[PDB]
file upload-v8.txt (compact mmCIF, C-alpha atoms and all ligand atoms)
# COMPACT_ATOMS: atom_id res chain seq x y z
CA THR N 700 22.72 -1.93 -12.15
CA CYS N 701 20.13 0.64 -10.99
CA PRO N 702 17.56 1.49 -13.69
CA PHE N 703 17.08 5.12 -14.82
CA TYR N 704 13.59 5.49 -13.27
CA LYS N 705 15.04 5.07 -9.70
CA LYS N 706 17.42 7.99 -10.26
CA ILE N 707 16.83 11.64 -9.45
CA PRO N 708 18.87 13.77 -11.98
CA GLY N 709 20.90 16.64 -10.66
CA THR N 710 21.07 15.08 -7.19
CA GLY N 711 22.97 12.33 -5.38
CA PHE N 712 19.59 10.69 -4.59
CA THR N 713 17.85 7.41 -5.39
CA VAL N 714 14.38 6.15 -4.58
CA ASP N 715 13.64 2.52 -3.57
CA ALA N 716 17.05 1.24 -4.85
CA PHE N 717 18.61 -1.05 -2.27
CA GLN N 718 19.10 -4.20 -4.43
CA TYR N 719 22.03 -3.01 -6.61
CA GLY N 720 24.90 -2.90 -4.11
CA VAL N 721 26.57 0.50 -3.82
CA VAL N 722 25.14 3.06 -6.33
CA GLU N 723 27.77 5.31 -7.97
CA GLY N 724 27.28 8.85 -6.64
CA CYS N 725 24.37 8.19 -4.29
CA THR N 726 24.84 10.12 -1.06
CA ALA N 727 21.23 9.46 0.14
CA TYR N 728 18.84 6.55 -0.39
CA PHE N 729 15.08 7.33 -0.11
CA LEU N 730 12.57 4.59 0.93
CA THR N 731 8.94 5.37 0.11
CA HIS N 732 7.33 2.53 2.14
CA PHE N 733 8.01 -0.82 3.88
CA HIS N 734 6.96 -3.30 1.18
CA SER N 735 9.49 -6.05 0.15
CA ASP N 736 9.85 -5.21 -3.58
CA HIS N 737 10.77 -1.70 -2.51
CA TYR N 738 13.09 -2.33 0.49
CA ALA N 739 14.74 -5.42 -1.20
CA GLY N 740 18.40 -5.34 -0.22
CA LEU N 741 18.28 -3.50 3.14
CA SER N 742 19.62 -5.41 6.19
CA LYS N 743 21.48 -4.70 9.46
CA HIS N 744 24.74 -4.40 7.46
CA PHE N 745 23.63 -1.32 5.44
CA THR N 746 25.96 1.69 6.02
CA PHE N 747 24.51 4.62 3.94
CA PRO N 748 21.93 7.28 4.94
CA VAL N 749 18.27 6.19 4.52
CA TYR N 750 15.52 8.86 4.38
CA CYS N 751 11.89 7.84 5.10
CA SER N 752 8.85 8.44 7.29
CA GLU N 753 8.80 7.87 11.11
CA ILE N 754 6.74 4.69 10.69
CA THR N 755 9.02 3.26 7.98
CA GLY N 756 11.99 4.04 10.33
CA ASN N 757 10.34 2.08 13.22
CA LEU N 758 10.03 -0.93 10.91
CA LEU N 759 13.65 -0.69 9.64
CA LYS N 760 15.00 -0.48 13.19
CA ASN N 761 12.87 -3.32 14.69
CA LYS N 762 12.07 -5.73 11.81
CA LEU N 763 15.19 -5.46 9.59
CA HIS N 764 17.68 -4.41 12.35
CA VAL N 765 19.13 -1.50 10.39
CA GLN N 766 21.29 0.57 12.78
CA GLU N 767 19.90 3.72 14.25
CA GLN N 768 22.69 6.01 12.98
CA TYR N 769 21.73 5.37 9.31
CA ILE N 770 17.94 5.95 9.79
CA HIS N 771 16.80 9.49 9.01
CA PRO N 772 13.06 9.90 9.70
CA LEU N 773 11.29 13.06 8.29
CA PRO N 774 7.96 14.65 9.32
CA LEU N 775 5.20 14.92 6.73
CA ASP N 776 4.02 18.15 5.09
CA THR N 777 7.23 19.94 6.08
CA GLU N 778 9.90 21.60 3.97
CA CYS N 779 13.25 19.91 4.91
CA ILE N 780 16.84 20.38 3.58
CA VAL N 781 18.71 17.15 2.70
CA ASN N 782 22.32 17.42 1.35
CA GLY N 783 21.48 20.98 0.27
CA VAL N 784 18.17 20.15 -1.53
CA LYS N 785 14.63 21.11 -0.34
CA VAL N 786 12.30 18.08 -0.05
CA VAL N 787 8.76 17.43 1.25
CA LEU N 788 7.17 14.06 2.19
CA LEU N 789 3.42 13.67 1.58
CA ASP N 790 0.98 10.93 2.57
CA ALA N 791 0.57 8.38 -0.29
CA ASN N 792 -2.73 6.84 0.90
CA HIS N 793 -1.06 3.39 0.40
CA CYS N 794 -0.02 1.35 3.54
CA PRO N 795 1.09 2.78 6.93
CA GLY N 796 4.13 5.03 6.71
CA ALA N 797 3.91 5.25 2.82
CA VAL N 798 5.00 8.57 1.33
CA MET N 799 5.22 10.55 -1.91
CA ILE N 800 8.32 12.76 -2.25
CA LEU N 801 8.62 16.31 -3.76
CA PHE N 802 12.16 17.40 -4.79
CA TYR N 803 12.95 21.11 -5.55
CA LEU N 804 16.07 20.82 -7.78
CA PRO N 805 18.78 23.52 -7.49
CA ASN N 806 18.17 24.53 -11.16
CA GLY N 807 14.40 25.27 -10.67
CA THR N 808 12.84 21.92 -11.71
CA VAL N 809 10.20 20.35 -9.43
CA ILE N 810 9.80 16.50 -9.37
CA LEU N 811 7.06 14.39 -7.67
CA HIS N 812 7.76 10.66 -7.06
CA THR N 813 4.45 9.03 -5.93
CA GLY N 814 6.00 5.77 -4.77
CA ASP N 815 2.99 3.50 -4.40
CA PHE N 816 -0.26 5.51 -3.96
CA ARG N 817 -4.02 5.53 -4.11
CA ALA N 818 -4.85 8.95 -5.56
CA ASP N 819 -7.51 10.99 -3.79
CA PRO N 820 -9.09 14.43 -4.36
CA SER N 821 -7.75 15.39 -0.89
CA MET N 822 -4.28 15.45 -2.46
CA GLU N 823 -5.42 18.47 -4.54
CA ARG N 824 -5.25 20.53 -1.19
CA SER N 825 -1.79 19.47 0.01
CA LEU N 826 1.38 21.48 -0.66
CA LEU N 827 1.07 20.20 -4.27
CA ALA N 828 -1.43 22.94 -5.05
CA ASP N 829 1.20 25.70 -4.53
CA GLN N 830 3.36 25.20 -7.65
CA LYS N 831 4.07 23.48 -10.83
CA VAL N 832 5.51 20.02 -11.36
CA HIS N 833 7.79 19.27 -14.32
CA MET N 834 8.30 15.47 -13.85
CA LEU N 835 5.96 12.87 -12.39
CA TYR N 836 7.32 9.41 -11.52
CA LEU N 837 3.97 7.60 -11.39
CA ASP N 838 2.62 4.37 -9.81
CA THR N 839 0.92 2.96 -12.90
CA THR N 840 -0.15 -0.48 -11.42
CA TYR N 841 -3.76 -0.19 -12.70
CA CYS N 842 -3.24 2.14 -15.70
CA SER N 843 -5.96 0.61 -17.93
CA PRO N 844 -9.82 1.25 -18.09
CA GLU N 845 -10.83 -2.28 -17.12
CA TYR N 846 -9.37 -1.68 -13.61
CA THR N 847 -12.42 -0.65 -11.59
CA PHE N 848 -13.03 -1.35 -7.85
CA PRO N 849 -15.20 0.26 -5.12
CA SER N 850 -14.18 2.74 -2.39
CA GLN N 851 -12.41 1.38 0.66
CA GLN N 852 -15.47 2.56 2.75
CA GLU N 853 -17.95 0.40 0.63
CA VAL N 854 -15.71 -2.63 0.96
CA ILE N 855 -15.35 -2.21 4.72
CA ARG N 856 -19.16 -1.82 4.98
CA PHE N 857 -19.65 -5.16 3.21
CA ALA N 858 -17.13 -6.98 5.40
CA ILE N 859 -18.48 -5.62 8.74
CA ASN N 860 -22.14 -6.53 7.79
CA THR N 861 -21.14 -9.96 6.56
CA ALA N 862 -19.19 -10.79 9.79
CA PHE N 863 -21.76 -9.30 12.14
CA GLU N 864 -24.63 -11.22 10.47
CA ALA N 865 -22.82 -14.61 10.54
CA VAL N 866 -21.66 -14.42 14.11
CA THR N 867 -25.03 -13.17 15.39
CA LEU N 868 -26.69 -16.25 13.76
CA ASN N 869 -23.95 -18.54 15.10
CA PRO N 870 -22.04 -17.39 18.25
CA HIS N 871 -19.73 -20.36 17.82
CA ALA N 872 -18.30 -19.11 14.46
CA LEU N 873 -14.66 -17.92 14.10
CA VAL N 874 -13.59 -15.13 11.75
CA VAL N 875 -10.17 -15.38 10.00
CA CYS N 876 -8.44 -12.63 7.93
CA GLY N 877 -5.39 -13.22 5.66
CA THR N 878 -2.29 -10.95 5.53
CA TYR N 879 1.25 -11.04 3.99
CA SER N 880 2.65 -7.57 4.48
CA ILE N 881 1.59 -4.27 6.11
CA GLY N 882 -1.44 -2.47 4.59
CA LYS N 883 -5.20 -3.17 4.73
CA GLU N 884 -5.29 -3.26 8.57
CA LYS N 885 -8.72 -1.60 8.45
CA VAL N 886 -10.25 -4.87 7.21
CA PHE N 887 -9.51 -6.78 10.40
CA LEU N 888 -9.73 -3.85 12.79
CA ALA N 889 -13.27 -2.90 11.66
CA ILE N 890 -14.51 -6.49 11.82
CA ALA N 891 -13.08 -7.02 15.39
CA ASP N 892 -14.61 -3.73 16.49
CA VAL N 893 -18.21 -4.66 15.43
CA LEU N 894 -17.72 -8.08 17.12
CA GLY N 895 -16.48 -6.65 20.46
CA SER N 896 -13.22 -8.61 20.25
CA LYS N 897 -9.46 -7.99 20.09
CA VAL N 898 -7.62 -9.29 17.02
CA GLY N 899 -5.40 -12.27 17.74
CA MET N 900 -2.17 -13.02 15.91
CA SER N 901 1.35 -14.50 15.98
CA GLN N 902 4.14 -12.83 17.87
CA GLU N 903 5.93 -11.78 14.63
CA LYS N 904 2.76 -10.04 13.30
CA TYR N 905 2.05 -8.37 16.69
CA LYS N 906 5.58 -6.93 16.58
CA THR N 907 5.02 -5.50 13.07
CA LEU N 908 1.70 -3.87 14.18
CA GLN N 909 3.41 -2.41 17.30
CA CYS N 910 5.67 -0.26 14.95
CA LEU N 911 2.79 1.59 13.19
CA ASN N 912 1.73 4.46 15.59
CA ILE N 913 -1.91 3.32 15.50
CA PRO N 914 -3.78 5.11 18.34
CA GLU N 915 -5.02 2.87 21.18
CA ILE N 916 -3.40 -0.23 19.54
CA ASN N 917 -2.94 -2.03 22.89
CA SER N 918 -6.76 -2.04 23.17
CA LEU N 919 -7.15 -3.69 19.71
CA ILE N 920 -4.66 -6.57 19.24
CA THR N 921 -3.27 -9.50 21.31
CA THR N 922 -1.10 -12.63 21.05
CA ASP N 923 -3.54 -14.69 23.16
CA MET N 924 -5.38 -16.57 20.43
CA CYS N 925 -7.88 -18.28 22.69
CA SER N 926 -9.46 -15.09 24.03
CA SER N 927 -10.20 -13.61 20.53
CA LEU N 928 -12.81 -14.43 17.81
CA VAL N 929 -10.96 -12.59 14.99
CA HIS N 930 -7.69 -14.34 14.02
CA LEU N 931 -5.05 -13.23 11.50
CA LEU N 932 -3.19 -15.81 9.50
CA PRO N 933 -0.67 -15.75 6.64
CA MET N 934 -2.39 -15.31 3.27
CA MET N 935 -1.14 -18.68 2.02
CA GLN N 936 -3.08 -20.50 4.71
CA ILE N 937 -6.46 -18.95 3.52
CA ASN N 938 -7.72 -22.15 1.74
CA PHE N 939 -9.94 -25.14 2.69
CA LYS N 940 -6.90 -27.24 3.88
CA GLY N 941 -5.21 -24.48 5.87
CA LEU N 942 -8.43 -23.38 7.60
CA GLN N 943 -9.57 -26.99 8.56
CA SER N 944 -6.17 -27.45 10.15
CA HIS N 945 -6.43 -24.15 12.06
CA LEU N 946 -9.93 -25.17 13.29
CA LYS N 947 -8.51 -28.43 14.76
CA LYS N 948 -6.12 -26.28 16.86
CA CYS N 949 -8.87 -24.28 18.57
CA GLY N 950 -9.93 -27.37 20.53
CA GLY N 951 -13.69 -27.57 19.95
CA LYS N 952 -14.29 -23.87 20.71
CA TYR N 953 -15.72 -23.20 17.23
CA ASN N 954 -17.81 -25.14 14.64
CA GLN N 955 -17.62 -22.74 11.63
CA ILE N 956 -15.06 -20.41 9.91
CA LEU N 957 -15.81 -17.35 7.90
CA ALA N 958 -12.61 -16.02 6.19
CA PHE N 959 -11.58 -12.95 4.14
CA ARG N 960 -8.88 -12.68 1.45
CA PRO N 961 -8.18 -9.08 0.58
CA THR N 962 -6.86 -9.07 -2.92
CA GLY N 963 -6.17 -6.30 -5.31
CA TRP N 964 -8.28 -6.32 -8.46
CA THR N 965 -9.60 -9.63 -9.83
CA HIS N 966 -11.73 -10.02 -13.13
CA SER N 967 -14.88 -10.77 -11.07
CA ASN N 968 -14.86 -6.87 -10.77
CA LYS N 969 -15.71 -6.59 -14.52
CA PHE N 970 -19.17 -8.21 -14.00
CA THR N 971 -20.08 -8.16 -10.26
CA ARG N 972 -21.04 -5.37 -7.81
CA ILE N 973 -19.60 -5.49 -4.26
CA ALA N 974 -23.14 -6.01 -2.86
CA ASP N 975 -23.52 -9.17 -5.02
CA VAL N 976 -20.23 -10.94 -3.87
CA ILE N 977 -20.52 -14.59 -2.76
CA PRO N 978 -18.04 -16.94 -1.10
CA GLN N 979 -16.52 -20.30 -1.94
CA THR N 980 -17.93 -22.79 0.60
CA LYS N 981 -16.88 -26.29 1.69
CA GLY N 982 -18.81 -27.73 4.63
CA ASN N 983 -18.58 -25.42 7.66
CA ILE N 984 -15.89 -23.14 5.94
CA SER N 985 -16.63 -20.04 3.75
CA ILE N 986 -13.93 -17.79 2.09
CA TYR N 987 -14.75 -14.32 0.69
CA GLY N 988 -12.39 -12.54 -1.76
CA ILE N 989 -12.90 -8.82 -1.25
CA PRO N 990 -11.37 -6.09 -3.52
CA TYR N 991 -9.69 -3.78 -1.02
CA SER N 992 -7.14 -1.81 -3.12
CA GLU N 993 -4.29 0.43 -1.89
CA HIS N 994 -3.48 1.50 -5.53
CA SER N 995 -5.28 4.05 -7.74
CA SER N 996 -8.15 2.85 -9.92
CA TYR N 997 -7.79 3.98 -13.66
CA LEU N 998 -10.30 6.79 -13.01
CA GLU N 999 -8.65 8.06 -9.78
CA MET N 1000 -5.18 8.08 -11.49
CA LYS N 1001 -6.53 9.92 -14.62
CA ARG N 1002 -8.16 12.49 -12.33
CA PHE N 1003 -4.99 13.18 -10.29
CA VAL N 1004 -2.81 13.48 -13.39
CA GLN N 1005 -5.24 15.78 -15.30
CA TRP N 1006 -5.32 18.01 -12.14
CA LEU N 1007 -1.50 18.07 -11.76
CA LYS N 1008 -0.70 18.69 -15.46
CA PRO N 1009 2.87 17.45 -15.39
CA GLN N 1010 5.19 18.24 -18.30
CA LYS N 1011 6.53 14.68 -18.44
CA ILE N 1012 5.44 11.33 -17.03
CA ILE N 1013 7.77 8.43 -16.17
CA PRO N 1014 5.93 5.19 -15.13
CA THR N 1015 7.42 3.04 -12.38
CA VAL N 1016 5.12 -0.06 -12.66
CA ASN N 1017 4.42 -2.38 -15.65
CA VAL N 1018 7.64 -1.12 -17.39
CA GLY N 1019 9.04 -4.53 -18.57
CA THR N 1020 7.02 -5.06 -21.82
CA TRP N 1021 6.76 -3.05 -25.05
CA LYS N 1022 2.98 -3.54 -25.23
CA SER N 1023 2.57 -2.12 -21.62
CA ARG N 1024 4.81 0.82 -22.24
CA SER N 1025 2.93 1.58 -25.49
CA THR N 1026 -0.52 1.24 -23.89
CA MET N 1027 0.48 3.63 -21.03
CA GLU N 1028 1.86 6.33 -23.38
CA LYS N 1029 -1.44 6.25 -25.29
CA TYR N 1030 -3.52 6.95 -22.20
CA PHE N 1031 -1.15 9.77 -21.17
CA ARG N 1032 -1.64 11.43 -24.60
CA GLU N 1033 -5.45 11.08 -24.48
CA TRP N 1034 -5.48 12.63 -21.03
CA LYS N 1035 -3.25 15.45 -22.09
CA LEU N 1036 -5.41 16.26 -25.19
CA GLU N 1037 -8.70 15.96 -23.33
CA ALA N 1038 -7.63 18.40 -20.56
CA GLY N 1039 -5.46 20.52 -22.93
CA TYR N 1040 -2.12 20.99 -21.14
NI NI F 1101 3.44 -1.12 -2.08
call {"tool": "encode", "arguments": {"input": "upload-v8.txt", "output": "structure tokens"}}
result
Amino acid sequence: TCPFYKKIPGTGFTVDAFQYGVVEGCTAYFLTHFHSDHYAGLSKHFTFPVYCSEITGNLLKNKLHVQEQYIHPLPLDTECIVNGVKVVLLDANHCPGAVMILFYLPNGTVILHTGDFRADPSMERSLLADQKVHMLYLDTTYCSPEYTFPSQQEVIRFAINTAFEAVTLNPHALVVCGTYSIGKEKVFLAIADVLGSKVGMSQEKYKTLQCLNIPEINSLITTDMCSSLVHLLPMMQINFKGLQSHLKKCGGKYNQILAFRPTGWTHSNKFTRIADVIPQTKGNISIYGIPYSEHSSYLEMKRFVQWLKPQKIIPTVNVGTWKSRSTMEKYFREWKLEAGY
């Protein structure tokens, strides 16, 4: 049974609710982004309308084999009518194709569902600025003050300088980058670019990247492993065993691996600046954990919410425990009293 926080009242609409069989009354299923927790349940056998971005539609067609007739892609930043209700899709600053959705209810209520997002001050000059929002369905992943991390720019700067230094000292070193879903592509694209290489990967990953409308992508990626000195691997293989094994396969082309594991937040953030980060090393293999987030920090979320001044907030993440729910409601009240809405 679909929980309440995936339902849009006064509509036949749901958001990110494909794992419940047929939903009573739902004439249109929205998908915010192509991450597995959110699409869970979609397959080539699905027979109801799906509304999403163009990029999310490319991935549903080609990766999940949903049939074309059920895929309804919408342009961003454009007022659209769906089943007699005005909607707008906005960029979520999450992974490729990720959107927020604005619903203008027939009775005058305005609802924003963020899906997954990383809040940014640039969102204060979208179509959100134009009018008032009564309900906010909020990505609350990191809704606690201890969740700090740097900008995506500072993290990319670190990674580029790290890779460039190591490979300039040793031209026989190989760089490896972990992945398990779309998002965070900038990590491996920026590293390959400073190294003058294409990024090499499996056929299944190349296919996924081919759906994302990245400009000049054919210049940046390849399935020919041997010609490239930046390789992508599944995240689970980014360990001393998995990397040794991969190094055997390259056939004495390389004598060193430097690898990157993009995580979300980890507690090493509570004590250590990005500049100061060090790897775990075993022999000729070094692994860096780098905190590249595609979710709001506490401060970025607080800022967005105090700017938006919603009348009511419904969290969509960390909703399973009483202590979580209670903690989140406390921060919402502080924020409200500090800004005075
Ligand atoms: Ni996500």
call {"tool": "atom_distance", "arguments": {"input": "upload-v8.txt", "atom1": "atom CA of residue N:714", "atom2": "atom CA of residue N:786"}}
result
12.9 Å
call {"tool": "atom_distance", "arguments": {"input": "upload-v8.txt", "atom1": "atom CA of residue N:888", "atom2": "atom CA of residue N:986"}}
result
18.1 Å
call {"tool": "closest_residue", "arguments": {"input": "upload-v8.txt", "among": "N:879, N:997, N:1021, N:939", "to": "residue N:981", "atoms": "all atoms listed in the file"}}
result
N:939
call {"tool": "closest_residue", "arguments": {"input": "upload-v8.txt", "among": "N:872, N:854, N:1027, N:910", "to": "residue N:889", "atoms": "all atoms listed in the file"}}
result
N:854
call {"tool": "residues_near_ligand", "arguments": {"input": "upload-v8.txt", "ligand": "ligand NI 1101 (chain F)", "cutoff": "12 Å", "atoms": "all atoms listed in the file", "output": "compact mmCIF listing (two decimals) with C-alpha atoms, keeping the file's coordinate frame"}}
result
# COMPACT_ATOMS: atom_id res chain seq x y z
CA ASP N 715 13.64 2.52 -3.57
CA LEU N 730 12.57 4.59 0.93
CA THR N 731 8.94 5.37 0.11
CA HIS N 732 7.33 2.53 2.14
CA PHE N 733 8.01 -0.82 3.88
CA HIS N 734 6.96 -3.30 1.18
CA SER N 735 9.49 -6.05 0.15
CA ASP N 736 9.85 -5.21 -3.58
CA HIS N 737 10.77 -1.70 -2.51
CA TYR N 738 13.09 -2.33 0.49
CA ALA N 791 0.57 8.38 -0.29
CA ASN N 792 -2.73 6.84 0.90
CA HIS N 793 -1.06 3.39 0.40
CA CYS N 794 -0.02 1.35 3.54
CA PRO N 795 1.09 2.78 6.93
CA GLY N 796 4.13 5.03 6.71
CA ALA N 797 3.91 5.25 2.82
CA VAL N 798 5.00 8.57 1.33
CA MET N 799 5.22 10.55 -1.91
CA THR N 813 4.45 9.03 -5.93
CA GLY N 814 6.00 5.77 -4.77
CA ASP N 815 2.99 3.50 -4.40
CA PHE N 816 -0.26 5.51 -3.96
CA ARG N 817 -4.02 5.53 -4.11
CA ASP N 838 2.62 4.37 -9.81
CA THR N 839 0.92 2.96 -12.90
CA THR N 840 -0.15 -0.48 -11.42
CA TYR N 879 1.25 -11.04 3.99
CA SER N 880 2.65 -7.57 4.48
CA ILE N 881 1.59 -4.27 6.11
CA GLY N 882 -1.44 -2.47 4.59
CA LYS N 883 -5.20 -3.17 4.73
CA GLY N 963 -6.17 -6.30 -5.31
CA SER N 992 -7.14 -1.81 -3.12
CA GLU N 993 -4.29 0.43 -1.89
CA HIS N 994 -3.48 1.50 -5.53
CA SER N 995 -5.28 4.05 -7.74
CA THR N 1015 7.42 3.04 -12.38
CA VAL N 1016 5.12 -0.06 -12.66
call {"tool": "residues_around", "arguments": {"input": "upload-v8.txt", "residues": "residue N:983", "least_positions_apart": "5", "cutoff": "10 Å", "atoms": "only C-alpha atoms", "output": "number ranges by chain"}}
result
N: 872, 939, 943, 954-957
call {"tool": "write_last_selection", "arguments": {"input": "upload-v8.txt", "atoms": "C-alpha atoms", "output": "PDB file, keeping the file's coordinate frame"}}
result
ATOM      1  CA  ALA N 872     -18.300 -19.110  14.460  1.00  0.00           C
ATOM      2  CA  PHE N 939      -9.940 -25.140   2.690  1.00  0.00           C
ATOM      3  CA  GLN N 943      -9.570 -26.990   8.560  1.00  0.00           C
ATOM      4  CA  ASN N 954     -17.810 -25.140  14.640  1.00  0.00           C
ATOM      5  CA  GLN N 955     -17.620 -22.740  11.630  1.00  0.00           C
ATOM      6  CA  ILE N 956     -15.060 -20.410   9.910  1.00  0.00           C
ATOM      7  CA  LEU N 957     -15.810 -17.350   7.900  1.00  0.00           C
TER       8      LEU N 957
END
call {"tool": "atom_distance", "arguments": {"input": "upload-v8.txt", "atom1": "atom CA of residue N:951", "atom2": "atom CA of residue N:924"}}
result
13.8 Å
call {"tool": "residues_around", "arguments": {"input": "upload-v8.txt", "residues": "residue N:1034", "least_positions_apart": "6", "cutoff": "10 Å", "atoms": "only C-alpha atoms", "output": "PyMOL selection string"}}
result
chain N and resi 1001-1002+1004-1005+1008+1028+1040
call {"tool": "residues_near_point", "arguments": {"input": "upload-v8.txt", "point": "(-6.5, -13.5, 21.0)", "cutoff": "12 Å", "atoms": "all atoms listed in the file", "output": "list in words"}}
result
residues 873, 874, 875, 891, 896, 897, 898, 899, 900, 901, 902, 905, 918, 919, 920, 921, 922, 923, 924, 925, 926, 927, 928, 929, 930, 931 and 949 of chain N
call {"tool": "residues_around", "arguments": {"input": "upload-v8.txt", "residues": "residue N:978", "least_positions_apart": "5", "cutoff": "10 Å", "atoms": "all atoms listed in the file", "output": "mmCIF file with C-alpha atoms, keeping the file's coordinate frame"}}
result
data_model
loop_
_atom_site.group_PDB
_atom_site.id
_atom_site.type_symbol
_atom_site.label_atom_id
_atom_site.label_comp_id
_atom_site.auth_asym_id
_atom_site.auth_seq_id
_atom_site.Cartn_x
_atom_site.Cartn_y
_atom_site.Cartn_z
ATOM 1 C CA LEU N 957 -15.810 -17.350 7.900
ATOM 2 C CA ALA N 958 -12.610 -16.020 6.190
ATOM 3 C CA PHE N 959 -11.580 -12.950 4.140
ATOM 4 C CA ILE N 984 -15.890 -23.140 5.940
ATOM 5 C CA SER N 985 -16.630 -20.040 3.750
ATOM 6 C CA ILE N 986 -13.930 -17.790 2.090
ATOM 7 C CA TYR N 987 -14.750 -14.320 0.690
ATOM 8 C CA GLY N 988 -12.390 -12.540 -1.760
ATOM 9 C CA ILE N 989 -12.900 -8.820 -1.250
#
call {"tool": "residues_around", "arguments": {"input": "upload-v8.txt", "residues": "stretch 802-810 of chain N", "least_positions_apart": "2", "cutoff": "12 Å", "atoms": "all atoms listed in the file", "output": "PyMOL selection string"}}
result
chain N and resi 706-714+729+778-789+799-800+812-813+827+829-837+1007+1009-1013
call {"tool": "closest_residue", "arguments": {"input": "upload-v8.txt", "among": "N:991, N:756, N:971, N:932", "to": "residue N:852", "atoms": "only C-alpha atoms"}}
result
N:991
call {"tool": "closest_residue", "arguments": {"input": "upload-v8.txt", "among": "N:760, N:1032, N:743, N:945", "to": "residue N:772", "atoms": "all atoms listed in the file"}}
result
N:760
call {"tool": "residues_around", "arguments": {"input": "upload-v8.txt", "residues": "residue N:759", "least_positions_apart": "3", "cutoff": "10 Å", "atoms": "only C-alpha atoms", "output": "PyMOL selection string"}}
result
chain N and resi 733+738+741-743+749+751+753-756+762-767+770+910
call {"tool": "write_last_selection", "arguments": {"input": "upload-v8.txt", "atoms": "C-alpha atoms", "output": "PDB file, keeping the file's coordinate frame"}}
result
ATOM      1  CA  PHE N 733       8.010  -0.820   3.880  1.00  0.00           C
ATOM      2  CA  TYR N 738      13.090  -2.330   0.490  1.00  0.00           C
ATOM      3  CA  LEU N 741      18.280  -3.500   3.140  1.00  0.00           C
ATOM      4  CA  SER N 742      19.620  -5.410   6.190  1.00  0.00           C
ATOM      5  CA  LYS N 743      21.480  -4.700   9.460  1.00  0.00           C
ATOM      6  CA  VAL N 749      18.270   6.190   4.520  1.00  0.00           C
ATOM      7  CA  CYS N 751      11.890   7.840   5.100  1.00  0.00           C
ATOM      8  CA  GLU N 753       8.800   7.870  11.110  1.00  0.00           C
ATOM      9  CA  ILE N 754       6.740   4.690  10.690  1.00  0.00           C
ATOM     10  CA  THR N 755       9.020   3.260   7.980  1.00  0.00           C
ATOM     11  CA  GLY N 756      11.990   4.040  10.330  1.00  0.00           C
ATOM     12  CA  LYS N 762      12.070  -5.730  11.810  1.00  0.00           C
ATOM     13  CA  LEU N 763      15.190  -5.460   9.590  1.00  0.00           C
ATOM     14  CA  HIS N 764      17.680  -4.410  12.350  1.00  0.00           C
ATOM     15  CA  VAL N 765      19.130  -1.500  10.390  1.00  0.00           C
ATOM     16  CA  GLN N 766      21.290   0.570  12.780  1.00  0.00           C
ATOM     17  CA  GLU N 767      19.900   3.720  14.250  1.00  0.00           C
ATOM     18  CA  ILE N 770      17.940   5.950   9.790  1.00  0.00           C
ATOM     19  CA  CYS N 910       5.670  -0.260  14.950  1.00  0.00           C
TER      20      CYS N 910
END
call {"tool": "closest_residue", "arguments": {"input": "upload-v8.txt", "among": "N:965, N:1018, N:864, N:819", "to": "residue N:851", "atoms": "all atoms listed in the file"}}
result
N:819
call {"tool": "residues_near_point", "arguments": {"input": "upload-v8.txt", "point": "(29.1, 10.6, 0.3)", "cutoff": "10 Å", "atoms": "all atoms listed in the file", "output": "PDB file with C-alpha atoms, in the frame of the given file"}}
result
ATOM      1  CA  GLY N 711      22.970  12.330  -5.380  1.00  0.00           C
ATOM      2  CA  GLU N 723      27.770   5.310  -7.970  1.00  0.00           C
ATOM      3  CA  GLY N 724      27.280   8.850  -6.640  1.00  0.00           C
ATOM      4  CA  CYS N 725      24.370   8.190  -4.290  1.00  0.00           C
ATOM      5  CA  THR N 726      24.840  10.120  -1.060  1.00  0.00           C
ATOM      6  CA  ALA N 727      21.230   9.460   0.140  1.00  0.00           C
ATOM      7  CA  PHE N 747      24.510   4.620   3.940  1.00  0.00           C
ATOM      8  CA  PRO N 748      21.930   7.280   4.940  1.00  0.00           C
ATOM      9  CA  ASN N 782      22.320  17.420   1.350  1.00  0.00           C
TER      10      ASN N 782
END
call {"tool": "closest_residue", "arguments": {"input": "upload-v8.txt", "among": "N:828, N:894, N:777, N:855", "to": "residue N:867", "atoms": "only C-alpha atoms"}}
result
N:894
call {"tool": "decode", "arguments": {"input": "upload-v8.txt", "residues": "stretch 953-972 of chain N", "atoms": "C-alpha atoms", "output": "CSV table (one decimal), in the first residue's frame"}}
result
chain,number,residue,atom,x,y,z
N,953,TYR,CA,50.6,-0.2,-15.4
N,954,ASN,CA,52.5,-0.6,-12.0
N,955,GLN,CA,50.3,1.6,-9.7
N,956,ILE,CA,46.6,2.4,-9.1
N,957,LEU,CA,45.1,5.5,-7.7
N,958,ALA,CA,41.3,5.1,-7.1
N,959,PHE,CA,38.4,7.3,-6.0
N,960,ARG,CA,35.2,6.4,-4.0
N,961,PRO,CA,32.7,9.1,-4.1
N,962,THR,CA,30.6,8.7,-1.1
N,963,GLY,CA,28.0,10.9,0.5
N,964,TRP,CA,28.8,12.2,3.9
N,965,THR,CA,31.1,10.2,6.2
N,966,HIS,CA,32.1,11.3,9.9
N,967,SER,CA,35.6,12.1,8.7
N,968,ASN,CA,33.8,15.4,7.6
N,969,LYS,CA,33.3,16.4,11.3
N,970,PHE,CA,37.1,16.8,11.9
N,971,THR,CA,38.9,17.0,8.5
N,972,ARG,CA,39.1,19.7,5.7
